[PDB]
There are 4 protein chains.
Amino acid sequence: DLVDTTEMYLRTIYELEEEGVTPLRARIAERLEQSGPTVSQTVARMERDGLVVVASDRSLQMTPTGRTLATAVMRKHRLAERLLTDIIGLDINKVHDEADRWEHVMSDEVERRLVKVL
Amino acid sequence: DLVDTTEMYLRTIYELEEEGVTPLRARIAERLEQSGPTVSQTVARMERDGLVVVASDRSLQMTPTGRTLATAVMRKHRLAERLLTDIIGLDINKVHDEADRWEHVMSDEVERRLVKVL
Amino acid sequence: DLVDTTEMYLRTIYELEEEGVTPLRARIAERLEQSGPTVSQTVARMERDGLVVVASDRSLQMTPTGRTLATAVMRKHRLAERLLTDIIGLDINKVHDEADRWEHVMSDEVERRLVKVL
Amino acid sequence: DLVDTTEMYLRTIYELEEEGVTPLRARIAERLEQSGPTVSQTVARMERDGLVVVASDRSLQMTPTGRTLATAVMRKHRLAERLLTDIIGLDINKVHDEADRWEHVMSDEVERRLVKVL
DNA sequence: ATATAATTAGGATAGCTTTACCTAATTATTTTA
DNA sequence: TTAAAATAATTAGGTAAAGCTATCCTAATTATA
Ligand code: NI
Ligand code: NI
Ligand code: NI
Ligand code: NI
Ligand code: NI
Ligand code: NI
Ligand code: NI
Ligand code: NI
């Protein structure tokens, strides 16, 4: 479960960029282990809510709005990994898949603090 | 957003009992801010999946597995409320509403782990 | 299988009218044994290609274009039943379900003759 | 429209054999007027569904089942062509393209029936 | 070499699902007073 | 007592978000023969 799709599409597109890879639905599908039309369907919804724009080369252009939570998820995701890895002391082989869920329920306030206490 | 529906409906039925209220769809609705037909419907499915039985008095009765879950969610819910308050240091007023979300996203590993560290 | 959905939707909306019933997406889901979301998705498409229009009382209002194939299917449906019932001599118990498929592959060409020969 | 794809891919392979041609996907692509990858991927499903095996020579090997199908469609195809020509008295030039459709929609009952009547 | 004969890569559509929620009416149920 | 106030639930008819398989397609690249 993605806990939240939209956010995992935004986060993924962001990572894809960090990697110098071109964000193409083909990757989001690959990366999220989803069907091609599912991806197309959702990116369509996201495009409608002005979170992303599908370029003329199919590449996915994040709108400034989309880019923002794109970052926030990335931000909380990292924080969760630390919080999990540092203080809670859970197994590192499991810190990601856990933060992968928390990133979608962590609030800005808990974020704002976690950085203060981490 | 309930993050996870089945788990909240369960936690709630387990909360009602804890305070001597007769677990009735009528209450879940008002507790969870949902419509009567929605509630009568989600429950129906919870029954199907064999998590809760709607006894003759019209009361909801958590099957053995249903209860198991109920207790687990509660377990994590309390664990979260603590981790937040104690360590994370989040504002007590908002600690319930965060725990309300984290409870469904927290793993047993982190549970068992938090049981100690916390 | 419906061999052709759009047609079995039009044909259905027509029959419904004949029975003086009000054609609601809910009656198609019924007769066609399809999920509600499906019916809405397809009507959506049918409304996009201009075959039907959804009134303000959810009632489905065919378009003159919709109405025509609506009739044509009905018409080819009747001939197929005769053709099967009369000349081929197939079991009357199975003349419908058969015609239910042929209606969608019977050409005007064959329609025009079948009438002249039946 | 092929009405039923699998069934036309079978009748085609069965037709290629009948005339000596080596059934190769390229052949099906030409006969069915379909793209090369389309043909390659459709034949894959058929393989998975154990209808036809792709021998080393890259040739299409109808499995007993596949064969059984191919022969049925063929039967129906011929039978439909006659009924049209003989009884329906349709224009001999359009008889094939009509039969081409009725084959996938005609039942065995009608099959066995026309076997006599016709 | 060529030609074919197939892939790769990346899409699109039409059809279908189950979850999970909702508004407007009507029936039940209970209890009662 | 015994039928109205509430109380608790259905009915009826949708909605939106997620996902999925079958079918087709256009280029550009590789095999095979
Ligand atoms: Ni990570
Ligand atoms: Ni995630
Ligand atoms: Ni609490
Ligand atoms: Ni919760
Ligand atoms: Ni009929
Ligand atoms: Ni039909
Ligand atoms: Ni022929
Ligand atoms: Ni055909």
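Residues numbered from 1 in each chain as written, not as in the entry; some residues may be left out. Chains lettered and ligands numbered in written order. Heavy atoms only, no water.

Method-wise, the PDB entry is recorded as coming from X-ray crystallography, at a reported resolution of 3.0 Å.

### A short note on the interface of chain A and chain B
Taken together, the contact pairs 20 residues of chain A with 18 residues of chain B. Summed over both sides, the interface of chain A with chain B buries roughly 1,600 Å², with 73% coming from carbon and sulfur. The three residues of chain A that bury the most area against chain B are A:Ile88, A:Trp102 and A:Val105, which together make up 34% of that side's buried surface. For the interface between chain A and chain B, the tally reads seven residue pairs in polar contact. Of all the secondary structure elements, the ones that give two or more residues to the side of chain A that touches chain B are α4 (64-88), α5 (92-102) and α6 (108-117) of chain A. The element best represented in the side of chain A that touches chain B is α6(A), accounting for five residues. (Contact = heavy atoms within 4.5 Å. Buried area = accessible area lost by both parts, 1.4 Å probe. Polar contact = N/O pair within 3.5 Å; in protein donor to acceptor, adjacent residues only side chain to side chain. Helix = DSSP H or I, 4+ residues; strand = E, 2+ residues; numbered from the N terminus.)

### Quick look at the coordination of the nickel ion (ligand 4)
The reference angle at a metal is 109.5 degrees if four donors form a tetrahedron and 90 or 180 degrees if six donors form an octahedron. Residues and elements named next belong to chain B. Taken together, the protein ligands of the nickel ion (ligand 4) are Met8 (SD), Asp100 (O), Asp100 (OD), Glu103 (OE) and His104 (NE2), with distances of 2.0 to 2.2 Å. In the primary sequence, the donor residues of the nickel ion (ligand 4) line up as M-x91-D-x2-E-H. With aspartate 100 and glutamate 103 both in helix α5 (residues 92-105), this residue pair falls three residues apart, about one helical turn. (Donors = N, O, S within 2.8 Å, 3.2 Å for Na, K, Ca; no water.)

### Quick word on the protein's contact with DNA strand E
Surveying the vicinity of DNA strand E reveals 32 residues, the closest of which are A:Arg27, B:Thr38, B:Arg45, B:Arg48 and D:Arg27. Restricting the count to atoms of DNA strand E within 4 Å of the protein gives a sugar and phosphate share of 72%. Within the side chain of A:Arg25, a nitrogen or oxygen atom sits 2.8 Å from a phosphate oxygen of DNA strand E. Put simply, the parts of the chain that give the surface near DNA strand E at least two residues each are α2 (25-32) and α3 (36-48) of chain A, α3 (36-48) of chain B, α3 (36-48) of chain C together with α2 (25-32) and α3 (36-48) of chain D. (Near = heavy atom within 4 Å.)

### Comments concerning unusual backbone geometry
In the Ramachandran plot, A:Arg58 falls in the positive-phi region, its phi being about 70° despite a non-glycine side chain. In this structure, A:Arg58 sits in the loop between β1 (52-54) and β2 (60-62).

### Focus: the packing of aromatic side chains
Tallied over the full model, the rule gives two aromatic pairs over all chains. Aromatic side chains A:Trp102 and B:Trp102 sit 4.7 Å apart centroid to centroid with 50° between the ring planes, which places their arrangement in the tilted category. You can see A:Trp102 sitting in helix α5 and its partner B:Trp102 sitting in helix α5, one on each of two chains. Of the two residues, A:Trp102 and B:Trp102, neither departs from the other in class, the shared state being buried. (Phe/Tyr/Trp six-rings, centres within 6.5 Å; stacked < 30°, edge-to-face > 60°. Buried < 20%, exposed > 50% of the residue type's maximum accessible area, 1.4 Å probe, protein only.)

### Some details on the domain arrangement of chain A
All names here are of chain A. Assigned domains of chain A: these are domain 1 (1-73) and domain 2 (74-118). Measuring from the centre of the C-alpha atoms in domain 1 to the corresponding centre in domain 2 gives 22 Å. Between domain 1 and domain 2, roughly 970 Å² of surface is buried when both sides are summed, and carbon and sulfur atoms account for 51% of that area. The tally of links between domain 1 and domain 2 comes to two salt bridges. Close ionic contact of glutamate 103 with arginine 11 constitutes a salt bridge, the shortest N to O distance being 2.6 Å. Secondary structure elements with two or more residues in the side of domain 1 that touches domain 2: α1 (5-18) and α4. Ranked by residue count, the leading element in the side of domain 1 that touches domain 2 is α1, at six residues. Here the side of domain 1 that touches domain 2 is composed, by residue class, of seven nonpolar, one polar and five charged. (Domains from an automatic or database assignment. Salt bridge = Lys/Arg side-chain N within 4 Å of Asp/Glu carboxyl O. Nonpolar A, V, L, I, M, F, W, Y, C, P; charged D, E, K, R; others polar.)

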